[PDB]
Amino acid sequence: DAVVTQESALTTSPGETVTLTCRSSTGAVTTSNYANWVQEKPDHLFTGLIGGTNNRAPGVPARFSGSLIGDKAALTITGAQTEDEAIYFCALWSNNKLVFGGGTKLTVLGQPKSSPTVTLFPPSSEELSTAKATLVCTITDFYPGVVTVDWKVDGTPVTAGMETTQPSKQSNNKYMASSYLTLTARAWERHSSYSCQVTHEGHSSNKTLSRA
Amino acid sequence: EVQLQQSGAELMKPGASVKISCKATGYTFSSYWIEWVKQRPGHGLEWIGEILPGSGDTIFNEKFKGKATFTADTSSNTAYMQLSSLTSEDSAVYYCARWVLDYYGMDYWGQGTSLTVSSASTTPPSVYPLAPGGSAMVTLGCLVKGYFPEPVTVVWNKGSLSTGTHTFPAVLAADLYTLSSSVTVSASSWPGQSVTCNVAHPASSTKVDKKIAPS
Ligand SMILES: CN1CC[C@]23c4c5ccc(O)c4O[C@H]2[C@@H](O)C=C[C@H]3[C@H]1C5
């Protein structure tokens, strides 16, 4: 029951060469493991790319190639295309079992990086009436599509009752997402300043408001 | 034109049994092994097993020997995988994929089948208006909270407001879904004019129109 390891994430720009690896905990990957590389694009659309270490599937672009690098299997993508952004999984046949790697999320920068626009909404009077309070933090127009959100009440971090969505593409190709902080109305009344901070590419955009 | 088409999404209750199909076209179905794969968030990809339609021979990931059963029909060129005694751990997207011997790998994949094993009941959402804290633009929104199952639809001014709209993906909050939608309009159009979000939740057959009024 070998364990297959892959880089969790890599970022490249159009036209560049990027190399992904696939390692086995059992030992060096050999042609006997029939290394496979499959590609998953948005909306879980899978398609095979490489089989038997270096065989390229039908219709697959020539810029994709498989090989072995040292004791690991590798996938090389030359002249990367924006369309090559996806999650790449490798699979090895060992111990009569096909074992998949955890997949590498490949980001291909197909547009300028963009900091997010943050908007913070206070709880509606109608909701407070049910003894509930939900603050909504909308995050739009960011790229790449990866952000971390932190909430603070009067300067102190809060995570209870906090949920954040996965990012999704907007019509303009940038990304959006939202975060929620839900408390009881009574708890919402025990704090004054609420803050939603979104960190993207090492830069934090903050938005706050006061209950009263 | 090789293609593998799988059955649609499934919503099952714990203890039930589901049969997922995989229809092949564009090639000789009996001559190629068909792999079955499980994709569960936080669990990457697991190999369930495979079957060769021509011989009926199978190979299982021992971990799935008492959970899955493989069948195939060379008459209808369809492969099936049945999962028994369903539990929450069985919730995921299942794929069938063609293995080609001389290629030593999987080339074509089915689109995947989403299996949701739950005992939760249909629950309508609560809709609340989202107004600014009372710029050239102004963003308004609507909170659609506590519904099940997905999805819900949100339009603004009965569709009259389409540009500047952002309806976000839903997220789970204590076993129920929460979604929000926002619309950005010229600061001169609101409160000047009216902005209403129209929320619909087909499953519970609920519809709510909530006007966004200055706080
Ligand atoms: C993934 N799965 C595909 C089908 C099969 C197989 C493999 C490699 C080379 C083969 O020639 C071959 O044929 C069958 C079977 O005999 C033994 C293992 C299985 C496994 C790997």
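The chains referred to below are lettered A, B, ... by the order of the sequence lines, with proteins before strands, and numbering in each begins at 1.
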Chain B contact via [X] - which portion, at a heavy-atom distance below 4.5 Å:
{"X": "A:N36", "result": "side chain"}
{"X": "A:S210", "result": "neither"}
{"X": "A:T140", "result": "side chain"}
{"X": "A:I87", "result": "neither"}
{"X": "A:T182", "result": "side chain"}
{"X": "A:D43", "result": "neither"}
{"X": "A:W37", "result": "neither"}
{"X": "A:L209", "result": "neither"}

*Name the region of B:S126, side chain, backbone, both or neither, that has any atom closer than 4.5 Å to a heavy atom of chain A.*
neither

*chain A heavy atoms under 4.5 Å from B:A131: which part of the residue, side chain, backbone, both or neither?*
backbone

*Taking heavy atoms only and a threshold strictly under 4.5 Å, list by residue number the residues of residues 37-44 of chain B that touch chain A; give 'none' if the list is empty.*
B:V37, B:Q39

*asked:* Report, in residue-number order, which members of residues 137-147 of chain B are under 4.5 Å from chain A by heavy-atom distance.
replied: B:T139, B:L140, B:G141, B:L143, B:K145

*On the 0 to 90° scale, with breaks at 30° and 60°, tag the A:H191-A:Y194 ring pair as parallel, tilted or perpendicular.*
perpendicular

_Residue among B:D107, B:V171, B:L45 with most heavy-atom pairs under 4.5 Å to chain A_ = B:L45

